[PDB]
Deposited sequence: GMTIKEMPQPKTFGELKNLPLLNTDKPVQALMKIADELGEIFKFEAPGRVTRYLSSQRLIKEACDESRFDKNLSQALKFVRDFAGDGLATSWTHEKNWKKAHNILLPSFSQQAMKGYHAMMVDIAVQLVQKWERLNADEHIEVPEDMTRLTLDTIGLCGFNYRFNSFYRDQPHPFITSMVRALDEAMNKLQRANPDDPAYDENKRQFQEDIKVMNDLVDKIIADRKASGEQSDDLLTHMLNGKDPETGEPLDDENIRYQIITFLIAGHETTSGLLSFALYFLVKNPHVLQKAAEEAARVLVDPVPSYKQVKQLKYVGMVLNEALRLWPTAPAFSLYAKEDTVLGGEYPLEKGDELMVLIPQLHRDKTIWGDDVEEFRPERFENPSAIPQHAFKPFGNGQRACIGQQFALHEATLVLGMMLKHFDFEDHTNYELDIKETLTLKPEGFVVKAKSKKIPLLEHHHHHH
């Protein structure tokens, strides 16, 4: 009945606990100490962090709980607008954009994006083929180059050309700096932050200007590509009969870049980390890649046949889900788990890394990397594995992310042997997402042509 709570700081209550550069990992340690639920209080804010499948499966009851905009999402909304990820379910533009965009993100829709994904994947492979002896790979950096260029190409047929640059495209610099300012605001307004504010508005203008120009350029030409922008310029919501307006389309494009690039590149980086730390898994995954990817360019159907590669990605998502939490609110008065009464509007946070370590679901070996857990998807209980959120507010880009990640990891395993030449010590950097900072490897080419 009584709910545990971490240590407090006088008037600031629990808020200073978030004044750390690894807040998700700090919250995981608190969940280890306090259990399946703990209260987190701040000035004018109260929330509850859930860690057990028992309680999270109730929180995922859409008849009782809806998606809440966390403080992080509220700050991101200042440039993501009423895009899909930062809009309330009851806002007209959520259901409208959801209905219009759901078919463009289906598994069948990945057939149309496949060629553009291969374009960037081949650039990644060619970069590593052209490395000199004893040179190494900066894994999260190159994975971020890939995912960002892939969403740029599939999103609105724009080439950031990250593999031609040391310093990223100005749009990316502003987006990254905008996300940093939004996240820094959480653990933070005195007059000294006036420089942060002016820079924040400058970065927002950079993002809007480029995206608005591309939309305007596309409308003035009438050209039709295989990208999401063409789909949004021609799509109509069956319910309202309306299309997305130019402003919301911009917010959707910004959202795809934010919500998609860093989560997906982290997944690829974590997957390669776990593969080089578990050579038996790497051998098993590389064997499948060699057997399935028999052509110089992988086909869509071949990517679907990379079952074990997909198992590797799911197990990487189990241990380190790169979008590590989502927020919910109680639609009405209700009782959670038969002992925690909640009032209408009360907030809940789902700590996904803790859910994925619930020993009552996964057994005692929760910390071991074993893709064989996902050998048969039916053995996974309901709401035990939630790397892509829940219900109608689940990740719309799930099939996009998993197809890109399966394609790229498969090509990496086909074309190179990998060496953990530094015996890299896992150090997880936290931004809006999670990534293994400083993860480096050496790649020895198998000399297989593209």
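Q: Quickly check which stretches of the deposited sequence aren't in the model, judged by C-alpha, and list them in order.
A: According to the deposited record, C-alpha coordinates are absent for 1-4, 193-195, 458-465, which together make up the missing parts.
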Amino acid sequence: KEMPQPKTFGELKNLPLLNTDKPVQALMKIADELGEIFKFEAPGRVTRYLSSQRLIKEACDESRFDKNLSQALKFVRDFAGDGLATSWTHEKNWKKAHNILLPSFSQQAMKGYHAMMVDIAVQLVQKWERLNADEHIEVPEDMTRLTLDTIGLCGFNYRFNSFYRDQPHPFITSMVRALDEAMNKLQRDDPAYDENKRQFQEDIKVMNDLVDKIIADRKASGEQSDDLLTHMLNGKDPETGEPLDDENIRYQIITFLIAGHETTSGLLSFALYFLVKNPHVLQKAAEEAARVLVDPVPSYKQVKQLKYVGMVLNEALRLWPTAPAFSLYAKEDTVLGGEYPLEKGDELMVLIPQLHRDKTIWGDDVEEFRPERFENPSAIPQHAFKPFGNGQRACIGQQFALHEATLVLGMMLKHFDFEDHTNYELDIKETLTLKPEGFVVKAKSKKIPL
From here on, numbers count along this sequence of modelled residues.
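Throughout, rigid core stands for the largest set of C-alpha atoms superposing within 1.5 Å between the two forms.
Q. Which is farther from the shown form in 7 other deposited structures of this protein in C-alpha RMS with the core fitted, 409-417 or 377-385?
A. Farther on average in 7 other deposited structures of this protein: 377-385.
**Q.** Greater root mean square CA deviation, 170-178 compared with 235-243 in 7 other deposited structures of this protein, core aligned
**A.** More C-alpha displacement in 7 other deposited structures of this protein shows up in 170-178.
Q. Coordinates for residue 189 lacking in at least a third of the other PDB entries compared?
A. Yes, residue 189 lacks coordinates in at least a third of the other compared entries that model both of its neighbours.
Q: Please work out which of 267-275 and 234-242 has the higher mean CA B-factor as recorded in the PDB entry.
A: Looking at the record's C-alpha B-factors, the answer is 234-242.
(Q) Please compare 138-146 with 365-373 and say which has the higher mean C-alpha temperature factor in the record. (A) Per the PDB entry, the higher value belongs to 365-373.
Q | Top Cα B factor in the deposited entry, candidates 129, 119, 202, 315 | A | That would be 202.
Q) Taking the values straight from the PDB record, which of 304, 74, 90, 344 has the highest C-alpha temperature factor? A) Comparing C-alpha B-factors across 304, 74, 90, 344, the top value belongs to 344.
Q) Sorting the chain's CA B-factors, does residue 96 end up in the lowest, middle or highest third? A) It falls in the bottom third of the chain.
**Q.** Third of the chain, ranked by Cα B-factor, where residue 41 sits
**A.** For residue 41, the deposited C-alpha B-factor lands in the highest third.
(Q) Using only modelled residues of the chain, where does the Cα B factor of residue 164 rank: lowest third, middle third or highest third? (A) Middle third by C-alpha B-factor.
Q: Divide the modelled residues of the chain into thirds by Cα B-factor and specify which third, lowest, middle or highest, holds residue 256.
A: Ranked within chain, residue 256 CA B lands in the lowest tercile.
Q: Give the position of residue 437 by CA B-factor within its chain, expressed as the lowest, middle or highest third.
A: Middle third, going by the recorded CA B-factors of the chain.
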